[PDB]
Amino acid sequence: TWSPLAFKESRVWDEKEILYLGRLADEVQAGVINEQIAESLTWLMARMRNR
Amino acid sequence: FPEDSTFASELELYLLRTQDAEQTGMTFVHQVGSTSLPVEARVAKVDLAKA
């Protein structure tokens with residue numbers, strides 16, 4: 001007989017850092033979270049390949 | 001006052017103010033058969049503040 005294993009995981013972004021963070025050099029009108037989620041979206045794909 | 005919109009969560013004010021040199025220093029008194037004399041040294045200065 002043979003039966004598989006399960007593994008999953010999650011990540012959440014709260015309300016402050018969605019609208020409060022920009023770049024560190026210039027002034028930004030709040031669009032860096034869309035940059036930062038898409039990396040974190042790519043990172044969880046690397047988690048499952050690592051597992 | 002009327003209303004505006006910034007798309008940013010903080011607003012900073014920088015004020016570069018300059019105190020240039022005034023054009024004083026009238027003219028030296030000469031006579032026709034002699035050599036001139038040099039002009040005094042001026043001062044200019046800058047300053048900048050933050051709110």
Side-chain angles (χ1 to χ4, degrees):
Chain A
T1 59
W2 185 77
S3 67
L5 291 180
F7 41 88
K8 80 175 188 181
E9 59 189 0
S10 66
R11 185 175 180 179
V12 63
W13 294 270
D14 286 332
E15 194 266 332
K16 290 182 182 178
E17 66 269 17
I18 285 176
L19 78 101
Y20 276 169
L21 70 88
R23 299 291 179 90
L24 185 60
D26 59 351
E27 60 273 13
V28 172
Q29 53 182 357
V32 184
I33 286 297
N34 298 320
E35 177 182 0
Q36 188 173 359
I37 291 175
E39 191 273 331
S40 178
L41 194 68
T42 306
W43 177 47
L44 295 179
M45 280 292 174
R47 298 280 290 276
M48 292 181 285
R49 184 171 179 265
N50 195 2
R51 176 67 177 272
Chain B
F1 44 89
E3 62 191 6
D4 281 331
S5 64
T6 56
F7 288 101
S9 298
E10 288 175 353
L11 273 68
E12 291 178 352
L13 295 173
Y14 291 101
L15 181 65
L16 177 61
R17 67 186 190 275
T18 64
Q19 183 179 4
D20 291 333
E22 290 181 353
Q23 291 180 354
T24 59
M26 189 186 293
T27 300
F28 295 108
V29 182
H30 196 206
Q31 197 173 2
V32 68
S34 63
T35 60
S36 65
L37 292 179
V39 179
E40 294 176 352
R42 303 165 74 192
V43 56
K45 63 183 72 174
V46 297
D47 194 357
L48 56 91
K50 180 180 178 180

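Chain identifiers are assigned alphabetically (A, B, ...) following the order of the sequence lines, protein sequences preceding nucleic acid strands; residue numbering begins at 1 within each chain.
- Residues B:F28 and B:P38 share a closest heavy-atom pair of CE1-O, 3.3 Å.
- How far NZ of A:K8 is from CG of A:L44: 12.5 Å, rounded to the nearest 0.5 Å.
- At a threshold of 4.5 Å between side-chain heavy atoms, the hydrophobic network of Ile, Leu, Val, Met, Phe, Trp and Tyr places A:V28 and A:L21 in one connected group.
- Looking at every heavy atom in both residues, B:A21 comes nearest to B:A44 through N-CB, 4.1 Å.
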Next item on the list: For A:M48 and A:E9, run side-chain contact (heavy atoms from CB on, under 4.5 Å): C-alpha distance rounded to whole Å, both residues' side-chain angles, the deciding distance at 0.1 Å, then the answer.
Entry: CA-CA 10 Å; A:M48 292 181 285; A:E9 59 189 0; 5.5 Å; no

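- Taking a 6.0 Å sphere around CG of A:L24, one finds it holds 12 or fewer heavy atoms contributed by other residues, nucleotides or ligands.
- When the options A:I37, A:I33, A:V32 are evaluated for a side-chain contact (heavy atoms from CB on, under 4.5 Å) with A:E35, the one that passes is A:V32.
- With sequence neighbours left out, the salt bridge (charged side-chain N to carboxylate O under 4.0 Å, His left out) criterion links B:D47 to B:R17.
- Judged as a side-chain contact (heavy atoms from CB on, under 4.5 Å), and not counting sequence neighbours, the contacts of B:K45 are B:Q19, B:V43.
- Residue A:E17 qualifies as enclosed at atom CD: its count of foreign heavy atoms under 6.0 Å is above 12.
- For the pair A:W13 and A:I18, the tightest heavy-atom approach, listed with the atom from each and the gap, is O-CD1, 4.0 Å.
- Shown here is B:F7, whose CZ atom has no more than 12 heavy atoms of other residues, nucleotides or ligands within 6.0 Å.
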